[PDB]
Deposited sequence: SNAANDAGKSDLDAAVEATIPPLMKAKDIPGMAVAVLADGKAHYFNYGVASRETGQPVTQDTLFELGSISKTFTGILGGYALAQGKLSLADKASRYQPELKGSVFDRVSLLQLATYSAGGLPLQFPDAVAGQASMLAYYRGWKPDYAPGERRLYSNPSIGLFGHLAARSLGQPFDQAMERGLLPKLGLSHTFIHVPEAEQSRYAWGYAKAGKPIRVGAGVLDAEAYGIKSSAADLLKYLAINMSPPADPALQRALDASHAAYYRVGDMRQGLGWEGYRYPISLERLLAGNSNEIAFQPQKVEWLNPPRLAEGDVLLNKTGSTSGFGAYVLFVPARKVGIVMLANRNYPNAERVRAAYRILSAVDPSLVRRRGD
């Protein structure tokens, strides 16, 4: 009962002040701890209608979509349909003859192919211009030398993973992986029957792979629970493990497939640094791990996600069986997401305040 009281106080001390400071219209917060889900809902899904936020309200997840894409790539790996060390052009003949004869799937997944940019140039408006862009791309760095956070990079990874499974990505995701995970309120395209619970935001080549998932706080908390306590299917267990593994380090940050991890307990300063614009928008030197590490020691895994009108954050700590979901319909600074989540996590885990 002491832990639940602490959790309640931490949410009350963090979320209302954040929403007031940043004029956030609505937030759904969900915390998993001690085997119980706790939901904290604030404000409105729409300023125009006054519809209240609930744990079933759908929000845009932005780049948290990249963690789903990483698990899909892990699933193709688990089924022997791809290998992370394979060259990208092996999975798309139209890429043969380009630099992607020399870039690995692992490099695409981890934004380290050689300087693929944050977003596609506007010259890319569909499949044919997308292929022409990749075929004509000239790297700024040798493969594996620098991390530059990139939608074209992990987007191509997800596209090729879907090809290895014999399906368009949207089909492999919405009609393959999400049903296998049991997520019935997680979507690339929000169906007509759920539009009434779809929040409004306040301020698309490979968009599904890179930023297109929508979900509720309840479904995303179930997703975190699945990431910590995997379902029975062995291919899914291996897919989840592959997405969580550490392939390289950037300082304290451990790059997975979509997921980003930290040895735990971790200080707030290091978690802020790892989620900073500096690390996102500048090329970073990395230290590759051989082999990749699925850590025995404690790890915290997280991901920020944003769109024009939405701001989301998730984190979980498998050893503690704690997950935190924060979904908002305004794109407010990532550092404030991390700070709030850290205060909530500190109230649930005494090993953290003790530092």
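Engineer: Pop the missing stretches of the deposited sequence into a list, counting residues from 1 and keeping sequence order.
Structural biologist: No coordinates exist for the deposited residues in 1-5, 209-218, 371-373, so these stretches are absent from the model.
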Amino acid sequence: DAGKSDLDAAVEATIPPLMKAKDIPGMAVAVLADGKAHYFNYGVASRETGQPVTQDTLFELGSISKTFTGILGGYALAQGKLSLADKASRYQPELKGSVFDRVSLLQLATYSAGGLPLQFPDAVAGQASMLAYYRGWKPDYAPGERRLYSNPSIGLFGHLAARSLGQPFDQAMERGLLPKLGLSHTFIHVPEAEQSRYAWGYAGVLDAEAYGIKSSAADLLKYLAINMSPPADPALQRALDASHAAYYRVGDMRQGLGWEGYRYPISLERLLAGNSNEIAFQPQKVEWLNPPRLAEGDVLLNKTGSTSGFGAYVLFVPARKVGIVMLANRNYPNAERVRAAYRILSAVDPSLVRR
From here on, numbers count along this sequence of modelled residues.
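Engineer: Check the entry's C-alpha temperature factors for 112-120 and 67-75, then say which stretch has the higher mean.
Structural biologist: Comparing 112-120 with 67-75, the higher average CA B-factor belongs to 112-120.
Engineer: Once you work out the mean C-alpha B-factor for both 192-200 and 233-241 from the entry, which is higher?
Structural biologist: Comparing 233-241 with 192-200, the higher mean C-alpha B-factor belongs to 192-200.
Engineer: Determine which member of 253, 105, 99, 148 has the highest CA B-factor, using the values in the deposited entry.
Structural biologist: When the deposited C-alpha B-factors of 253, 105, 99, 148 are compared, 99 is largest.
Engineer: At the C-alpha atoms, which of 293, 38, 303, 321 reaches the highest B-factor in this entry?
Structural biologist: Each of 293, 38, 303, 321 was compared by C-alpha B-factor; the highest is 293.
Engineer: Pull the Cα B-factor of residue 209 out of the PDB entry and bin it into the chain's lowest, middle or highest third.
Structural biologist: It belongs to the lowest third of the chain when residues are ordered by C-alpha B-factor.
Engineer: For the chain shown, is the CA B-factor of residue 266 in the lowest, middle or highest third of its modelled residues?
Structural biologist: Ranked within chain, residue 266 CA B lands in the highest tercile.
Engineer: Tell me, lowest, middle or highest third: where does the Cα B factor of residue 48 rank within its chain?
Structural biologist: Middle third of the chain for residue 48's C-alpha B-factor.
Engineer: Just say lowest, middle or highest third for the CA B-factor of residue 133 relative to the other modelled residues in its chain.
Structural biologist: For residue 133, whose C-alpha B-factor we compare with every modelled residue in the chain, the answer is the highest third.
Engineer: What third of the chain does residue 260 rank in for C-alpha temperature factor, lowest, middle or highest?
Structural biologist: Bottom third by C-alpha B-factor.
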